[PDB]
Structure formats: structure tokens, C-alpha cells
DNA sequence: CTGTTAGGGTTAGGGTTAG
DNA sequence: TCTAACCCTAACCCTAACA
Ligand SMILES: [Cl-]
């Protein structure tokens, strides 16, 4: 975990939250869908997405999981 | 004041460890803390809870140090 | 028997607060 | 002002409860 830390861009979070309200438990395929969705919003024309910037299904997973946890905790 | 303040000697000690490893575990942090206290400890005087060094404080400092460094890096870039 | 993952933890980067 | 303590949460580990 000592590597530089990834940041979710405001535009990705929108897609995320959109998909999150619909359903908070995306399956693998769904996560891939959301991943491509997010990438499509951030990729700059004419440039490939760096491996550090590209959203993967796993990032999406962890995001959902973490959010669920934060909510459950923030409900006392 | 009424907030914890790092004594120079303590900082020196901690820095000596920071240059070797920047992520000391609990046990190591105990060692470091005890080292610090030993130095700032005066005879026949119990160190007040505030000025007393603990593994948690060491932890906080190490983290803050790493972060300060990462800032200093971006400043020069 | 093989394979997934919820949700209980922890570690640590980038930033903000509080005294 | 100065910075120790804290906040948030990305990214992982672990085991029970499944399919
Ligand atoms: Cl931290």
C-alpha cells in the first residue's frame, strides 16, 4: 500500500453514484460495464489511458464495498 | 502551551530511525518512544502525560514526516 | 470440491482540522 | 503562525456464508 494513491475524478464519481443508487452490489460484468463507463468519461482525445489512471473492475468493486461500509458506519 | 511539543533531542532520535525505515511497527515504535523518553527524562521527576512520548505520537510523527517530504518533493516540481 | 464475495478487519497517501 | 492529531478512503487481508 506504499505506492502513490489513486484519486477518483469528480466525473467518475458521478457515474459511480448513478450506478450505486440503482444497485449497490454490481456483479463482475456490471463492474466491467461501470469501469468502461468511467474510463470513457476521463480519457483525453488522442491519448491512451495510463495504467495508473484507468479504472478497472476491481477499483470499482473496492469503491462500492468501501462506500457501503462508510454508510453503515455513518448510520451508527 | 497545552499541546504536545517535540523536543529537539527526540526529533533527532526519531530522524535517526526515519532514515533507515519510515514505517516502524508497534514494537519498534515502543523502542523509539522509550529511547526518546530516556533522553528527555530528568532525575527524580515523572514525565507528565502531555510531554511523555508514546508509540502513537511516534506513529503520527512518522506519517506526518513522510507527508511533509512528499510535499517538499512536489514543491520542487 | 472449486470458486465468489460480503463485510469484519488493517495500512497508509493526500489533505484538513484543532489547540 | 505552526504542526500534532485527525479525517477520508483506496487497497488490500481474512473467514464465514454462500452457490
Ligand atoms: Cl495516515
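Read-outs throughout are calculated quantities, based only on the coordinates presented, and are distinct from any laboratory measurement. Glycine gets a Cβ as well: all are built from the backbone with ideal geometry, and neighbour counts include every protein chain shown.
In this structure, residue A:60 qualifies as at negative phi, near DNA strand D (Cβ under 9 Å from one of its atoms) and surrounded by 15 or more Cβ atoms within 10 Å (Cβ to Cβ).
Residue check: residue B:49 meets all listed conditions (1) within 12 Å of DNA strand D (Cβ to nearest atom); (2) over 27 Å from residue A:5 (Cα atoms); (3) surrounded by 10 or more Cβ atoms within 10 Å (Cβ to Cβ) but one, namely (3). Which members of the stretch B:24-45 meet the condition of being within 14 Å of DNA strand D (Cβ to nearest atom) and within 26 Å of residue A:2 (Cα to Cα)? If the condition is that a residue be within 14 Å of DNA strand D (Cβ to nearest atom) and within 26 Å of residue A:2 (Cα to Cα), then B:29, B:32, B:33 are the ones that fit.
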